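Before any comments, here is the structure.
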Amino acid sequence: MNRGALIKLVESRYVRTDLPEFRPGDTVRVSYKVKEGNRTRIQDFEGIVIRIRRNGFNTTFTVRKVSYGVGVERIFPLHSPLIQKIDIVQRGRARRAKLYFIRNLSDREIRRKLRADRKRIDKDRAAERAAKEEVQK
Amino acid sequence: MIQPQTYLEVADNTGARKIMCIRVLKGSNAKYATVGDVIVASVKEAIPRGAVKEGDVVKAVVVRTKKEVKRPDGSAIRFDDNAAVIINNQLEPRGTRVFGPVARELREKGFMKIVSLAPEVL
Amino acid sequence: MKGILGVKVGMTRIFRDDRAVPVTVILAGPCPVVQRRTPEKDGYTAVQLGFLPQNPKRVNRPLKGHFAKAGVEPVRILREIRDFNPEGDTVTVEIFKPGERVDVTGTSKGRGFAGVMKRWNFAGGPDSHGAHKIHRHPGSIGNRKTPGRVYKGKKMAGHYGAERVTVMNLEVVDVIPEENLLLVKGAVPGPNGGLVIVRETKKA
Amino acid sequence: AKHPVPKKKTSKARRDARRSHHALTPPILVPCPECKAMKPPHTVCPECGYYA
Amino acid sequence: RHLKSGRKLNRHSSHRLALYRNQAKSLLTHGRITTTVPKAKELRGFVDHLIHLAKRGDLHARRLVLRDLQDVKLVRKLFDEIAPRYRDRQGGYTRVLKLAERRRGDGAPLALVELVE
RNA sequence: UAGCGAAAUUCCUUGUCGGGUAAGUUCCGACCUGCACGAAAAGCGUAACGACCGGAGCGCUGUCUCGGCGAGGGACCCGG
RNA sequence: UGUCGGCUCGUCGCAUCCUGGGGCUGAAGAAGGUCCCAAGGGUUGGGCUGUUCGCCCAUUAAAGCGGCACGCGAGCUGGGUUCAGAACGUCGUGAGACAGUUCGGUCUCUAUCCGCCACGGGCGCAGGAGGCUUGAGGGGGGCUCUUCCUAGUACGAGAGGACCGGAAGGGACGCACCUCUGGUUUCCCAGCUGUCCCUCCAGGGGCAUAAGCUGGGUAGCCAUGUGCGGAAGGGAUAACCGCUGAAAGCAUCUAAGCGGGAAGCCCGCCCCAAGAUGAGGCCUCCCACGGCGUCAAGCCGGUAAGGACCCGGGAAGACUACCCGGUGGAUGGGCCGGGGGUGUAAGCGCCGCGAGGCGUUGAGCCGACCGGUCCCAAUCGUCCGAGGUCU
Ligand SMILES: [Mg+2]
Ligand SMILES: [Mg+2]
Ligand SMILES: [Mg+2]
Ligand SMILES: [Mg+2]
Ligand SMILES: [Mg+2]
Ligand SMILES: [Mg+2]
Ligand SMILES: [Mg+2]
Ligand SMILES: [Mg+2]
Ligand SMILES: [Mg+2]
Ligand SMILES: [Mg+2]
Ligand SMILES: [Mg+2]
Ligand SMILES: [Mg+2]
Ligand SMILES: [Mg+2]
Ligand SMILES: [Mg+2]
Ligand SMILES: [Mg+2]
Ligand SMILES: [Mg+2]
Ligand SMILES: [Mg+2]
Ligand SMILES: [Mg+2]
Ligand SMILES: [Mg+2]
Ligand SMILES: [Mg+2]
Ligand SMILES: [Mg+2]
Ligand SMILES: [Mg+2]
Ligand SMILES: [Mg+2]
Ligand SMILES: [Mg+2]
Ligand SMILES: [Mg+2]
Ligand SMILES: [Mg+2]
Ligand SMILES: [Mg+2]
Ligand SMILES: [Mg+2]
Ligand SMILES: [Mg+2]
Ligand SMILES: [Mg+2]
Ligand SMILES: [Mg+2]
Ligand SMILES: [Mg+2]
Ligand SMILES: [Mg+2]
Ligand SMILES: [Mg+2]
Ligand SMILES: [Mg+2]
Ligand SMILES: [Mg+2]
Ligand SMILES: [Mg+2]
Ligand SMILES: [Mg+2]
Ligand SMILES: [Mg+2]
Ligand SMILES: [Mg+2]
Ligand SMILES: [Mg+2]
Ligand SMILES: [Mg+2]
Ligand SMILES: [Mg+2]
Ligand SMILES: [Mg+2]
Ligand SMILES: [Mg+2]
Ligand SMILES: [Mg+2]
Ligand SMILES: [Mg+2]
Ligand SMILES: [Mg+2]
Ligand SMILES: [Mg+2]
Ligand SMILES: [Mg+2]
Ligand SMILES: [Mg+2]
Ligand SMILES: [Mg+2]
Ligand SMILES: [Mg+2]
Ligand SMILES: [Mg+2]
Ligand SMILES: [Mg+2]
Ligand SMILES: [Mg+2]
Ligand SMILES: [Mg+2]
Ligand SMILES: [Mg+2]
Ligand SMILES: [Mg+2]
Ligand SMILES: [Mg+2]
Ligand SMILES: [Mg+2]
Ligand SMILES: [Mg+2]
Ligand SMILES: [Mg+2]
Ligand SMILES: [Mg+2]
Ligand SMILES: [Mg+2]
Ligand SMILES: [Mg+2]
Ligand SMILES: [Mg+2]
Ligand SMILES: [Mg+2]
Ligand SMILES: [Mg+2]
Ligand SMILES: [Mg+2]
Ligand SMILES: [Mg+2]
Ligand SMILES: [Mg+2]
Ligand SMILES: [Mg+2]
Ligand SMILES: [Mg+2]
Ligand SMILES: [Mg+2]
Ligand SMILES: [Mg+2]
Ligand SMILES: [Mg+2]
Ligand SMILES: [Mg+2]
Ligand SMILES: [Mg+2]
Ligand SMILES: [Mg+2]
Ligand SMILES: [Mg+2]
Ligand SMILES: [Mg+2]
Ligand SMILES: [Mg+2]
Ligand SMILES: [Mg+2]
Ligand SMILES: [Mg+2]
Ligand SMILES: [Mg+2]
Ligand SMILES: [Mg+2]
Ligand SMILES: [Mg+2]
Ligand SMILES: [Mg+2]
Ligand SMILES: [Mg+2]
Ligand SMILES: [Mg+2]
Ligand SMILES: [Mg+2]
Ligand SMILES: [Mg+2]
Ligand SMILES: [Mg+2]
Ligand SMILES: [Mg+2]
Ligand SMILES: [Mg+2]
Ligand SMILES: [Mg+2]
Ligand SMILES: [Mg+2]
Ligand SMILES: [Mg+2]
Ligand SMILES: [Mg+2]
Ligand SMILES: [Mg+2]
Ligand SMILES: [Mg+2]
Ligand SMILES: [Mg+2]
Ligand SMILES: [Mg+2]
Ligand SMILES: [Mg+2]
Ligand SMILES: [Mg+2]
Ligand SMILES: [Mg+2]
Ligand SMILES: [Mg+2]
Ligand SMILES: [Mg+2]
Ligand SMILES: [Mg+2]
Ligand SMILES: [Mg+2]
Ligand SMILES: [Mg+2]
Ligand SMILES: [Mg+2]
Ligand SMILES: [Mg+2]
Ligand SMILES: [Mg+2]
Ligand SMILES: [Mg+2]
Ligand SMILES: [Mg+2]
Ligand SMILES: [Mg+2]
Ligand SMILES: [Mg+2]
Ligand SMILES: [Mg+2]
Ligand SMILES: [Mg+2]
Ligand SMILES: [Mg+2]
Ligand SMILES: [Mg+2]
Ligand SMILES: [Mg+2]
Ligand SMILES: [Mg+2]
Ligand SMILES: [Mg+2]
Ligand SMILES: [Mg+2]
Ligand SMILES: [Mg+2]
Ligand SMILES: [Mg+2]
Ligand SMILES: [Mg+2]
Ligand SMILES: [Mg+2]
Ligand SMILES: [Mg+2]
Ligand SMILES: [Mg+2]
Ligand SMILES: [Mg+2]
Ligand SMILES: [Mg+2]
Ligand SMILES: [Mg+2]
Ligand SMILES: [Mg+2]
Ligand SMILES: [Mg+2]
Ligand SMILES: [Mg+2]
Ligand SMILES: [Mg+2]
Ligand SMILES: [Mg+2]
Ligand SMILES: [Mg+2]
Ligand SMILES: [Mg+2]
Ligand SMILES: [Mg+2]
Ligand SMILES: [Mg+2]
Ligand SMILES: [Mg+2]
Ligand SMILES: [Mg+2]
Ligand SMILES: [Mg+2]
């Protein structure tokens with residue numbers, strides 16, 4: 001009995017592992033399986049991760065973009081059986097965790113407020129192709 | 001979630017730029033209305049010589065909302081504004097081409113015209 | 001009429017096909033039938049289920065004799081499922097199969113001495129235009145000389161919650177015999193680590 | 001003085017009745033291993049001492 | 001009702017934090033201290049975390065204790081005599097015996113906070 | 001008489017017409033059958049001024065749909 | 001014996017607004033008219049006015065009427081109405097005056113009894129005890145719409161358009177829940193400004209509220225979020241429809257008798273409930289007298305099964321009660337691990353004149369959640385508790 005939580009964690013096996021690291025303050029696009037009529041699309045959603053809300057499994061994260069003049073925000077269960085892929089598309093200096101502040105002034109300002117994590121970025125490309133060397137060769 | 005007195009943004013060339021909600025047209029006493037719902041509304045401001053005038057009492061359908069809507073698959077979605085498209089009493093969109101994204105719920109609700117005319121459907 | 005004891009462990013969500021489903025994790029741990037109740041000598045039919053093991057240190061009570069008269073390991077808690085005569089041994093989450101539906105009883109969370117505002121979801125009075133000492137108050141509670149009293153039943157502030165609560169027709173989503181877990185559609189009374197009985201519904 | 005006010009002098013009986021549960025109870029004391037004196041349970045006390 | 005939560009206390013935000021500081025200081029000055037069972041039971045933990053922090057070393061943790069306590073001379077006593085004593089002992093640097101005697105003229109039950117040994 | 005007029009004066013009265021509103025017994029323009037304005041108990045008008053009284057719009061918000069949580073001083077429990 | 005209106009909370013009637021049932025129809029169908037049965041539940045939001053009333057906007061299944069001191073001011077408000085001020089019209093020589101207008105104008109912290117909402121103490125339940133039930137009696141709830149199929153069928157010239165039966169989704173409401181959504185989270189973290197201080201730099205503390213401010217936030221609590229309910233089904237019945245049927249050769253639903261028949265009645269569902277003194281029932285445990293009372297029911301100190309006190313505590317809680325734990329122990333505190341929150345601590349090295357920047361580093365800190373470990377503390381102990389009436 002003593003592990004009422006560990007018990008919960010056992011119900012968890014619906015959890016994914018493939019999906020990549022990505023922390024708030026850096027853009028990324030998720031591929032979402034969608035039901036157009038009856039068949040199934042794979043609508044993409046590219047935008048900035050506005051807030052990651054950690055809670056082990058069922059931790060969620062939220063993306064923000066501006067399709068056609070209107071700003072739009074989506075939320076995804078980090079372990080949803082409906083996220084085909086999720087490619088990171090750029091990384092930036094956060095300096096904060098939850099960052100809804102980007103809402104009330106997005107533009108040339110939103111840029112020069114999340115420059116580029118040339119730190120993490122270099123870990124990206126480097127350990128990216130590097131670890132690829134050790135599986136190519 | 002829209003309710004009476006709420007100002008919507010008009011998402012089409014209806015001619016109208018803004019309308020206030022008069023009645024949420026669900027049940028006999030619905031508190032609010034979200035995407036896919038229809039509402040009676042007043043044209044509180046509108047473009048010159050447009051197809052619709054200020055004070056025109058009209059029906060429309062919510063297509064974008066500040067309060068997030070929950071998809072059955074656990075996902076959610078919200079827009080930066082509350083928007084709606086003015087419609088026929090036949091429930092067909094008066095003005096032609098609409099602009100700004102729209103919610104997928106309109107699909108399940110049977111507004112093919114608008115989801116068609118949509119620049120994008122999130 | 002199936003029935004089985006358990007404890008509310010907590011709750012999260014799982015995905016059915018491609019659509020998320022909120023669920024509470026009951027734990028219908030092994031329950032040894034400790035006594036049968038027949039009309040022959042009880043007047044009614046039911047089954048004394050036991051639940052959760054116990055160190056003989058507290059069982060010092062001659063309860064040991066009750067558990068003895070049935071050769072069972074002395075449990076901690078035991079309650080009856082009515083009109084349910086199993087077979088002469090032990091019930092499991094197995095009595096329930098996925099897709100079945102269940103009624104569930106529990107002791108709601110204790111909200112203590114409650115404001116009528118919350119106890120009965122009243123509406124009290126104006127946050128503003130006057131009186132200011134009657135905000136969360138009930139207002140009138142009767143009429144003049146006639147009747148001249150107050151109805152037995154009048155909704156008034158008092159102890160709210162910690163009562164017995166049965167919630168109806170939950171669907172049994174999953175059942176993991178491996179570790180004695182019942183998976184239902186979330187809405188189940190009591191707090192985590194709380195005791196709770198679960199049984200067949202009355203759709204018919 | 002203001003609004004609510006007792007209608008009738010409380011009966012001297014009805015009074016003492018209200019005092020039904022007013023009586024006190026003796027403090028719970030116990031002999032200690034140290035001195036022969038009396039302590040309340042779970043309490044270090046003078047003429048005695050303790051151990052850790 | 002509230003309380004489903006955790007912890008307890010009278011007074012208010014500042015005055016209450018300051019209470020713990022002032023009590024810890026004196027506990028770390030005299031080792032033994034007598035106050036009301038409650039204050040004692042609370043002060044209990046607050047102190048330990050301090051002791052156990054001084055049980056560590058980095059001036060970091062030094063400065064961290066330097067926050068609640070304020071006397072430099074006093075923090076030395078903590079690192080250079082208190083912490084040493086309690087090395088090789090996981091927590092519990094603090095004991096709380098219930099006093100058998102009530103404060104007069106307020107009926108308050110007293111008790112005993114003491115640096116364990 | 002001039003001027004003014006459903007008025008801090010209009011009973012019928014929410015008078016009629018127009019403006020404002022989705023919808024206006026209020027407000028504002030107008031007409032005049034003024035129950036019962038009217039010329040120093042002054043008539044009409046007037047920039048500015050007003051913790052005076054009326055109507056409207058923007059802004060903003062627990063005023064409200066409709067409540068929730070939280071803090072301290074009471075209220076509760078023990079001693080005086 | 002405080003008077004209108006509003007607000008809060010309602011509850012009852014039924015002469016029924018809606019949903020249910022039914023006869024007649026100038027009822028083809030759909031829709032409607034009208035009468036009869038039928039309170040179970042339901043009976044929206046805004047403009048105008050102090051308003052009640054009413055007109056109007058937009059909806060609805062519908063936007064019922066009325067009683068309860070025109071319910072409800074020791075509950076609230078105080079726009080109107082009824083004081084003192086001031087004014088207009090208006091009457092009066094005047095002082096003043098007007099169901100004529102107009103602006104202003106002090107609604108009382110403590111509930112004794114009944115009643116009500118909750119929660120305890122006592123005694124009882126003719127042995128003492130631990131646990132588990134029965135359900136007499138009672139309470140809660142009882143709403144409804146839309147689309148799809150049957151069927152573009154019956155019906156109708158057509159335009160329209162069903163019964164019956166079946167599926168799907170929605171409004172309001174109610175119980176419960178924190179997974180998700182979303183709030184708060186008063187010191188969990190971070191940043192910022194003035195100042196005063198430790199200790200000169202760095203680092204840090206107080207105060208700026210009862211958090212100085214700002215950004216963000218777990219558990220808990222919660223609604224905007226989640227799940228579930230209204231039935232189904234059995235019985236009796238209303239208006240009504242009908243069988244068999246006489247008085248009264250026929251005829252008649254009735255007089256004997258029988259079947260059909262409502263959101264309604266009884267049950268069924270959820271909650272309370274043996275102070276149901278008519279104190280129920282089942283499983284298990286304890287068991288004689290040991291001493292005065294001869295006769296009789298009593299009395300006394302010791303007892304048993306057991307319980308209590310005390311202490312550590314708890315999604316229990318005003319208090320008490322309820323519940324768990326008490327070393328044979330993981331009950332609270334501490335420590336440790338995880339979860340979570342914040343978002344690269346300090347110190348040092350490097351770059352820059354400098355503010356700063358970069359590495360170390362997802363670092364440091366770290367409440368409430370999940371769990372581990374006897375370091376801390378629940379030590380030691382005391383008191384009560386049958387010996388079981390008679391037929
Ligand atoms: Mg707006
Ligand atoms: Mg205009
Ligand atoms: Mg208009
Ligand atoms: Mg107009
Ligand atoms: Mg989706
Ligand atoms: Mg979907
Ligand atoms: Mg068109
Ligand atoms: Mg969808
Ligand atoms: Mg359509
Ligand atoms: Mg398109
Ligand atoms: Mg027993
Ligand atoms: Mg039952
Ligand atoms: Mg039954
Ligand atoms: Mg079985
Ligand atoms: Mg007032
Ligand atoms: Mg006032
Ligand atoms: Mg007041
Ligand atoms: Mg007042
Ligand atoms: Mg007052
Ligand atoms: Mg009264
Ligand atoms: Mg009476
Ligand atoms: Mg098996
Ligand atoms: Mg197993
Ligand atoms: Mg007492
Ligand atoms: Mg000693
Ligand atoms: Mg705790
Ligand atoms: Mg202070
Ligand atoms: Mg302060
Ligand atoms: Mg001190
Ligand atoms: Mg002192
Ligand atoms: Mg700590
Ligand atoms: Mg050091
Ligand atoms: Mg000093
Ligand atoms: Mg003239
Ligand atoms: Mg007029
Ligand atoms: Mg004038
Ligand atoms: Mg008018
Ligand atoms: Mg007009
Ligand atoms: Mg007009
Ligand atoms: Mg005028
Ligand atoms: Mg006249
Ligand atoms: Mg004249
Ligand atoms: Mg004159
Ligand atoms: Mg004159
Ligand atoms: Mg003048
Ligand atoms: Mg003038
Ligand atoms: Mg002027
Ligand atoms: Mg003035
Ligand atoms: Mg002046
Ligand atoms: Mg207005
Ligand atoms: Mg302006
Ligand atoms: Mg405004
Ligand atoms: Mg408080
Ligand atoms: Mg209290
Ligand atoms: Mg008191
Ligand atoms: Mg009738
Ligand atoms: Mg009639
Ligand atoms: Mg009807
Ligand atoms: Mg018809
Ligand atoms: Mg009819
Ligand atoms: Mg008036
Ligand atoms: Mg209305
Ligand atoms: Mg009424
Ligand atoms: Mg009258
Ligand atoms: Mg009358
Ligand atoms: Mg009245
Ligand atoms: Mg009053
Ligand atoms: Mg009044
Ligand atoms: Mg009144
Ligand atoms: Mg006033
Ligand atoms: Mg007025
Ligand atoms: Mg007045
Ligand atoms: Mg006067
Ligand atoms: Mg005169
Ligand atoms: Mg008159
Ligand atoms: Mg007035
Ligand atoms: Mg004034
Ligand atoms: Mg007045
Ligand atoms: Mg007061
Ligand atoms: Mg009072
Ligand atoms: Mg009383
Ligand atoms: Mg109770
Ligand atoms: Mg007592
Ligand atoms: Mg009692
Ligand atoms: Mg009954
Ligand atoms: Mg009933
Ligand atoms: Mg009832
Ligand atoms: Mg009722
Ligand atoms: Mg068809
Ligand atoms: Mg046809
Ligand atoms: Mg067809
Ligand atoms: Mg046709
Ligand atoms: Mg035909
Ligand atoms: Mg035909
Ligand atoms: Mg035709
Ligand atoms: Mg047709
Ligand atoms: Mg649907
Ligand atoms: Mg939280
Ligand atoms: Mg400072
Ligand atoms: Mg200092
Ligand atoms: Mg100071
Ligand atoms: Mg100082
Ligand atoms: Mg201060
Ligand atoms: Mg803040
Ligand atoms: Mg926030
Ligand atoms: Mg709700
Ligand atoms: Mg809703
Ligand atoms: Mg039900
Ligand atoms: Mg429902
Ligand atoms: Mg339903
Ligand atoms: Mg139902
Ligand atoms: Mg039947
Ligand atoms: Mg029948
Ligand atoms: Mg009968
Ligand atoms: Mg016939
Ligand atoms: Mg015959
Ligand atoms: Mg005859
Ligand atoms: Mg015959
Ligand atoms: Mg008969
Ligand atoms: Mg029958
Ligand atoms: Mg029948
Ligand atoms: Mg019961
Ligand atoms: Mg019982
Ligand atoms: Mg009886
Ligand atoms: Mg014996
Ligand atoms: Mg004898
Ligand atoms: Mg004798
Ligand atoms: Mg205790
Ligand atoms: Mg306690
Ligand atoms: Mg115990
Ligand atoms: Mg003991
Ligand atoms: Mg624990
Ligand atoms: Mg704990
Ligand atoms: Mg920890
Ligand atoms: Mg965990
Ligand atoms: Mg972690
Ligand atoms: Mg983390
Ligand atoms: Mg750094
Ligand atoms: Mg720092
Ligand atoms: Mg650093
Ligand atoms: Mg340099
Ligand atoms: Mg780490
Ligand atoms: Mg460290
Ligand atoms: Mg660390
Ligand atoms: Mg940690
Ligand atoms: Mg801290
Ligand atoms: Mg160990
Ligand atoms: Mg006999």
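Here's how to read the names in the structure tokens: chain A, B, ... by the order shown, residue numbers from 1 in each chain, ligand numbers from 1 in the order shown.
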Would you list, as a ChimeraX atom specification, the residues of chain A that end up in helix (DSSP H, G or I) under DSSP run on this structure's backbone?
/A:4-11,67-69,100-105,108-111,118-136
Distance limit 12 Å, reference ligand 77, atoms considered: only C-alpha atoms (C1' of nucleotides) and all ligand atoms. Which residues make the cut? Give them as number ranges by chain.
F: 51-53; G: 103-105
Let me see if you get this right: every residue at most 9 Å from ligand 88, counting only C-alpha atoms (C1' of nucleotides) and all ligand atoms, written as a ChimeraX atom specification.
/G:40-41,140-142
Distance limit 9 Å, reference ligand 16, atoms considered: only C-alpha atoms (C1' of nucleotides) and all ligand atoms. Which residues make the cut? Give them as a PyMOL selection string.
(chain C and resi 130-131) or (chain G and resi 78+106-107)
Under the rule of at most 10 Å, produce a per-residue listing of chain G near chain B: chain, number, name, the closest pair of atoms, and the distance in Å, as a Markdown table, using only C-alpha atoms (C1' of nucleotides).
| residue | atom | partner | partner_atom | distance |
| --- | --- | --- | --- | --- |
| G:44 | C1' | B:29 | CA | 4.8 |
| G:45 | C1' | B:23 | CA | 7.6 |
| G:46 | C1' | B:22 | CA | 8.5 |
| G:57 | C1' | B:22 | CA | 9.2 |
| G:58 | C1' | B:23 | CA | 5.9 |
| G:59 | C1' | B:23 | CA | 6.9 |
| G:60 | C1' | B:28 | CA | 4.9 |
| G:61 | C1' | B:28 | CA | 8.6 |
| G:62 | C1' | B:28 | CA | 9.7 |
| G:63 | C1' | B:28 | CA | 9.8 |
| G:144 | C1' | B:28 | CA | 9.4 |
| G:145 | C1' | B:27 | CA | 7.3 |
| G:146 | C1' | B:27 | CA | 9.2 |
| G:170 | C1' | B:27 | CA | 6.9 |
| G:171 | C1' | B:27 | CA | 4.1 |
| G:172 | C1' | B:29 | CA | 6.6 |
| G:180 | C1' | B:74 | CA | 6.6 |
| G:181 | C1' | B:70 | CA | 7.1 |
| G:182 | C1' | B:68 | CA | 9.3 |
| G:224 | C1' | B:67 | CA | 8.6 |
| G:225 | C1' | B:70 | CA | 9.5 |
Resulting file, chosen residues, C-alpha atoms (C1' of nucleotides), as a PDB file, in the first residue's frame:
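The resulting file, part_37.pdb, is shown below:
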ATOM      1  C1'   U G  44     -34.739  33.469 -18.762  1.00  0.00           C
ATOM      2  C1'   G G  45     -31.740  38.022 -19.726  1.00  0.00           C
ATOM      3  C1'   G G  46     -32.067  43.548 -20.629  1.00  0.00           C
ATOM      4  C1'   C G  57     -35.868  44.653 -26.977  1.00  0.00           C
ATOM      5  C1'   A G  58     -33.947  39.512 -27.517  1.00  0.00           C
ATOM      6  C1'   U G  59     -35.091  34.677 -26.427  1.00  0.00           C
ATOM      7  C1'   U G  60     -38.300  30.263 -24.319  1.00  0.00           C
ATOM      8  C1'   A G  61     -41.173  24.328 -23.218  1.00  0.00           C
ATOM      9  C1'   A G  62     -43.291  28.253 -20.767  1.00  0.00           C
ATOM     10  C1'   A G  63     -41.999  33.272 -19.689  1.00  0.00           C
ATOM     11  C1'   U G 144     -37.132  20.263 -20.539  1.00  0.00           C
ATOM     12  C1'   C G 145     -35.691  21.228 -25.632  1.00  0.00           C
ATOM     13  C1'   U G 146     -33.246  20.042 -30.495  1.00  0.00           C
ATOM     14  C1'   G G 170     -27.891  20.781 -25.621  1.00  0.00           C
ATOM     15  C1'   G G 171     -29.989  24.466 -21.365  1.00  0.00           C
ATOM     16  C1'   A G 172     -30.814  25.317 -16.428  1.00  0.00           C
ATOM     17  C1'   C G 180      -6.925  18.444 -17.305  1.00  0.00           C
ATOM     18  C1'   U G 181      -8.566  23.798 -18.020  1.00  0.00           C
ATOM     19  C1'   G G 182      -8.460  27.795 -14.836  1.00  0.00           C
ATOM     20  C1'   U G 224     -14.976  29.011 -15.540  1.00  0.00           C
ATOM     21  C1'   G G 225     -12.971  22.763 -15.228  1.00  0.00           C
TER      22        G G 225
END
If you count only C-alpha atoms (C1' of nucleotides), which residues fall within 7 Å of range 31-33 of chain E, apart from same-chain ones fewer than 5 positions away, as an NGL selection string?
:E and (112-115)
Give as a PyMOL selection string the residues surrounding ligand 23 up to a distance of 10 Å, considering only C-alpha atoms (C1' of nucleotides) and all ligand atoms.
chain C and resi 29-30+177-180
Would you mind exporting the chosen residues as a tab-separated table (two decimals), in the first residue's frame, restricted to N, CA, C and O atoms?
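Output below, filename again_12.tsv:
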chain	number	residue	atom	x	y	z
C	29	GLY	N	-8.20	-3.88	-3.13
C	29	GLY	CA	-7.35	-4.91	-2.54
C	29	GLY	C	-8.10	-6.14	-2.07
C	29	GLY	O	-9.28	-6.06	-1.74
C	30	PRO	N	-7.41	-7.29	-2.03
C	30	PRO	CA	-7.98	-8.59	-1.69
C	30	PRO	C	-8.87	-8.52	-0.47
C	30	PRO	O	-8.47	-7.98	0.55
C	177	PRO	N	-5.52	-6.54	-12.46
C	177	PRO	CA	-5.47	-7.60	-11.46
C	177	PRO	C	-4.08	-7.72	-10.84
C	177	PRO	O	-3.97	-8.09	-9.67
C	178	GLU	N	-3.05	-7.41	-11.62
C	178	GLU	CA	-1.67	-7.52	-11.16
C	178	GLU	C	-1.48	-6.94	-9.77
C	178	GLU	O	-0.86	-7.56	-8.91
C	179	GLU	N	-2.03	-5.75	-9.54
C	179	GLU	CA	-1.79	-5.07	-8.28
C	179	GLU	C	-3.06	-4.56	-7.59
C	179	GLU	O	-3.00	-3.73	-6.67
C	180	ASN	N	-4.21	-5.07	-8.02
C	180	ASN	CA	-5.48	-4.73	-7.39
C	180	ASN	C	-5.86	-3.26	-7.58
C	180	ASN	O	-5.98	-2.52	-6.61
With only C-alpha atoms (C1' of nucleotides) and all ligand atoms counted, collect every polymer residue having an atom within 12 Å of ligand 85; state the result as a VMD selection string.
chain G and resid 135 to 139 266 to 268 271 to 273
Could the residues that lie within 9 Å of ligand 56, counting only C-alpha atoms (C1' of nucleotides) and all ligand atoms, be listed as a list in words?
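Sorted by chain and then by number, the residues are residues 14, 15, 16, 36, 37 and 38 of chain G.
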Which residues, written as a short mmCIF file (atom, residue, chain, number, x, y, z; two decimals) with N, CA, C and O atoms, in the first residue's frame, have at least one atom at most 10 Å from residue 17 in chain B, with only C-alpha atoms (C1' of nucleotides) counted and residues fewer than 4 positions away on the same chain left out?
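File produced: selection.cif:
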data_model
loop_
_atom_site.label_atom_id
_atom_site.label_comp_id
_atom_site.auth_asym_id
_atom_site.auth_seq_id
_atom_site.Cartn_x
_atom_site.Cartn_y
_atom_site.Cartn_z
N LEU B 8 -17.82 41.57 -29.67
CA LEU B 8 -17.12 40.64 -30.56
C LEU B 8 -16.40 41.42 -31.65
O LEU B 8 -16.75 42.56 -31.94
N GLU B 9 -15.38 40.82 -32.24
CA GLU B 9 -14.73 41.43 -33.39
C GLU B 9 -15.31 40.76 -34.60
O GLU B 9 -15.47 39.54 -34.62
N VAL B 10 -15.64 41.54 -35.61
CA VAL B 10 -16.26 40.97 -36.80
C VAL B 10 -15.24 40.44 -37.79
O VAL B 10 -14.44 41.20 -38.33
N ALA B 11 -15.30 39.13 -38.05
CA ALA B 11 -14.27 38.45 -38.83
C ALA B 11 -14.57 38.30 -40.32
O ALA B 11 -14.13 37.33 -40.94
N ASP B 12 -15.29 39.25 -40.89
CA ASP B 12 -15.58 39.18 -42.32
C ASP B 12 -16.01 40.52 -42.90
O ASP B 12 -16.24 41.48 -42.17
N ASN B 13 -16.09 40.57 -44.22
CA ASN B 13 -16.43 41.80 -44.94
C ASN B 13 -17.91 42.15 -44.86
O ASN B 13 -18.43 42.88 -45.71
N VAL B 43 -24.85 45.75 -34.20
CA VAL B 43 -23.71 46.37 -34.84
C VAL B 43 -23.39 47.69 -34.16
O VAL B 43 -24.06 48.69 -34.36
N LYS B 44 -22.35 47.69 -33.34
CA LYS B 44 -21.99 48.89 -32.59
C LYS B 44 -21.08 49.83 -33.38
O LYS B 44 -20.94 51.00 -33.03
N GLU B 45 -20.45 49.32 -34.43
CA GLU B 45 -19.71 50.17 -35.36
C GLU B 45 -19.44 49.41 -36.64
O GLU B 45 -19.27 48.20 -36.64
N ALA B 46 -19.41 50.15 -37.74
CA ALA B 46 -19.27 49.51 -39.04
C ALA B 46 -18.73 50.44 -40.13
O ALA B 46 -18.87 51.66 -40.07
N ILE B 47 -18.10 49.81 -41.12
CA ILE B 47 -17.51 50.48 -42.26
C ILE B 47 -18.57 51.18 -43.10
O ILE B 47 -19.68 50.68 -43.23
N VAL B 52 -24.10 46.08 -43.96
CA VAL B 52 -24.80 46.14 -42.68
C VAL B 52 -24.48 47.43 -41.93
O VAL B 52 -23.34 47.91 -41.96
N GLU B 54 -24.77 50.31 -38.51
CA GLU B 54 -24.79 50.42 -37.07
C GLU B 54 -26.24 50.26 -36.64
O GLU B 54 -27.14 50.66 -37.36
#
Which residues sit within 9 Å of ligand 136, counting only C-alpha atoms (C1' of nucleotides) and all ligand atoms, listed as JSON, numbers by chain?
{"G": [338, 339, 340]}
Check which residues fall inside 8 Å of ligand 131 when counting only C-alpha atoms (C1' of nucleotides) and all ligand atoms, and print them as a PyMOL selection string.
chain G and resi 326+379-381
Measure the distance from CA of residue 156 in chain C to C1' of residue 39 in chain G in Å and round it to one decimal.
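Interatomic distance here is 26.0 Å.
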